[PDB]
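Visitor:
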Amino acid sequence: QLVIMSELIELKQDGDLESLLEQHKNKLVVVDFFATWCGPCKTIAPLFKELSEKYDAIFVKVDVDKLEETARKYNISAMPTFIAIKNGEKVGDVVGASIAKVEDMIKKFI
Ligand SMILES: [Ca+2]
Ligand SMILES: [Zn+2]
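Under the working numbering, the very last position in the sequence shown is 1079; numbers go up by exactly one each time.
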């Protein structure tokens, strides 16, 4: 019966998140902070992809070793950490590979 105008974007260097937030001012932005060497990150990534098809939000992937300043800025200390950003400000986070909690968080702030 419908498809969502979805967006799933992987960032490349510090500055890209701030640019993305400015480019998408009135969307909820959901950021997956992950690491290349993180098993739980790889396991959840296809579920995060599936979620991006269900909600009119901007879904973002950030490798903590490629965007070190951004990880530091968001106080990332475990991976995956999912951050919901609304109107440029952090409104929630989920620490760990729980797709149910991520979806609950999106439901709350979208
Ligand atoms: Ca799908
Ligand atoms: Zn876009």
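Ideal Cβ placement from N, Cα and C applies to all residues, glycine included.
What is the DSSP secondary structure of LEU986, counted as helix, strand or coil?
Guide: If DSSP states are grouped into helix, strand and coil, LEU986 belongs with the helices.
Visitor: What separation, rounded to the nearest whole angstrom, lies between the Cα atoms of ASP1062 and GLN970?
Guide: Each residue's Cα considered, the two are about 31 Å apart.
Visitor: In terms of DSSP beta bridges, what is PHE1078 paired with?
Guide: Note: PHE1078 sits in no beta bridge, so no partner.
Visitor: Residues in its own chain within less than 7 Å of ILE1045 by CB, not counting five upstream and five downstream?
Guide: Cβ neighbours of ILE1045 beyond the five flanking positions: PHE1002, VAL1033.
Visitor: Just checking my contact of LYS1055 with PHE1028 at CB under 8 Å: how many whole Å lie between their CB atoms?
Guide: Not really, about 14 Å apart at Cβ, beyond 8 Å.
Visitor: Leaving out five residues on either side along the sequence, give the residues of the same chain with a beta carbon under 8 Å from the beta carbon of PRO1009.
Guide: So the list reads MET1048, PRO1049, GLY1065, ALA1066, once near-sequence residues are dropped.
Visitor: Pop quiz: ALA1026 and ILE1075 are said to be a contact at Cβ under 8 Å. What is the actual Cβ separation, rounded to whole angstroms?
Guide: Sure, about 6 Å apart at Cβ, within 8 Å.
Visitor: Is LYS1077 close to chain C? Criterion is C-beta to C-beta, closer than 8 Å.
Guide: Here there is only one protein chain, and chain C is not present.
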